[PDB]
Amino acid sequence: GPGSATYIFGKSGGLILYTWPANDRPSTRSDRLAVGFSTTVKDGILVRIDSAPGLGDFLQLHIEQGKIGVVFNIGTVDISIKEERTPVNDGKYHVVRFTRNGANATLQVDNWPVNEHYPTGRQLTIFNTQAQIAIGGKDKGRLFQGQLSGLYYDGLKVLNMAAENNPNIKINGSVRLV
Ligand SMILES: *[C@@H]1O[C@H](CO[C@@H]2O[C@H](CO)[C@@H](O)[C@H](O)[C@@H]2O)[C@@H](O[C@@H]2O[C@H](CO)[C@@H](O)[C@H](O)[C@H]2NC(C)=O)[C@H](O)[C@H]1NC(C)=O
Ligand SMILES: [Ca+2]
């Protein structure tokens with residue numbers, strides 16, 4: 065709601081970084097990711113979850129040519145799902161919702177027709193030993209500029225945790241709680 069923690073990222077970019085305590089690093093067969101955003105950027109990474117060093121697994125929510133999508137890897141090759149029909153960089157508030165079940169995924173913006181992707185043949189299922197949630201894209205040189213609100217990832221309200229000064233959150237660069 066109104067109480068959902070909201071952060072503004074400026075033109076110079078910033079990062080909010082959640083690092084799981086070592087023993088708390090999760091492994092999942094399915095994920096759920098959602099965030100409210102407003103932006104005019106043609107390109108930027110909003111959120112990326114990475115596994116521990118040496119493991120290639122990741123899950124990345126990003127905008128490319130004004131269109132929002134998720135690319136992820138759970139141990140085979142990059143799997144992508146995208147809202148290709150309509151751009152989201154119109155400077156209006158949207159909600160993007162993503163689910164993953166093994167190699168399968170869904171993606172919806174607002175109330176638009178749902179995108180679904182079901183890779184064929186033998187697949188892996190586990191997103192192994194997740195180590196960090198990077199928000200804002202600055203670390204990968206694709207900074208997000210705009211507003212992020214009410215980020216939800218697998219039960220974690222990460223922006224709420226940032227706003228509450230969670231000891232496993234680091235914030236730097238051009239980012240501000242509103
Ligand atoms: C990932 O998704 C596959 C395929 O999903 C099935 O096919 C269509 C996709 O076009 C989808 O709309 C249906 O809902 C259906 O689930 C899953 O594989 C299927 O699993 C179901 C339920 O266990 C079986 O009835 C089907 O035989 C089976 N089909 C195939 C082609 O294998 C798969 O389980 C799923 N992966 C995970 C981890 O959930
Ligand atoms: Ca894996």
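Throughout the sequence shown, residue numbering follows my numbering, covering 65 to 242 in sequence. In this text, a Cβ means the ideal position worked out from N, Cα and C, and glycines have one as well.
Q: List the DSSP bridge partners of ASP95.
A: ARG164
Q) CB of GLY139 to nearest heavy atom of ligand 2: below 6 Å? A) yes
Q: Please classify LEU241: does DSSP put it in a helix, a strand, or coil?
A: Strand, per DSSP.
Q. Out of curiosity, what's the CA-to-CA distance linking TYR71 and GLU228?
A. 13 Å
Q. Does the pairing of the region 149-159 with the region 219-233 give three or more beta-carbon distances under 8 Å?
A. no
Q. Relative to ligand 4, what is the chain-ordered list of residues with a Cβ closer than 6 Å to any of its non-hydrogen atoms?
A. Ligands in the displayed structure: ligand 1 and ligand 2; ligand 4 is not one of them.
Q) For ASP121, does the three-state DSSP call read helix, strand or coil? A) DSSP places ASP121 in coil when its eight states are reduced to three.
Q: Could you spell out the range, first to last residue, of the alpha helix (DSSP H) harbouring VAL222?
A: 222-227
Q: Report buried or exposed for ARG186, applying the criterion of at least 16 other Cβ atoms within 10 angstroms of its Cβ.
A: exposed
Q | residue 21 beta carbon near ligand 2 (any heavy atom closer than 6 Å) | A | Residue 21 is absent from the structure shown; the chain starts at 65 and stops at 242.
Q. Near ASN165, what residues of its chain come up, given a Cβ to Cβ distance below 6 Å and the 5 sequence neighbours on each side ignored?
A. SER94
Q) Would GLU180 be called buried (16 or more neighbouring beta carbons within 10 Å of its own) or exposed? A) exposed
Q.
Is any non-hydrogen atom of ligand 2 found closer than 6 Å to the C-beta of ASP121, if you look at the structure I gave you?
A. True, at least one ligand heavy atom lies under 6 Å from that Cβ.
Q. Where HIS158 and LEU241 are concerned, what is the direct C-alpha to C-alpha distance, given to the nearest angstrom?
A. Looking at the two C-alpha atoms, the distance is approximately 19 Å.
Q. Whose C-beta lies closer than 7 Å to the C-beta of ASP203 among residues of the same chain, with five residues either side of it excluded?
A. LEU79
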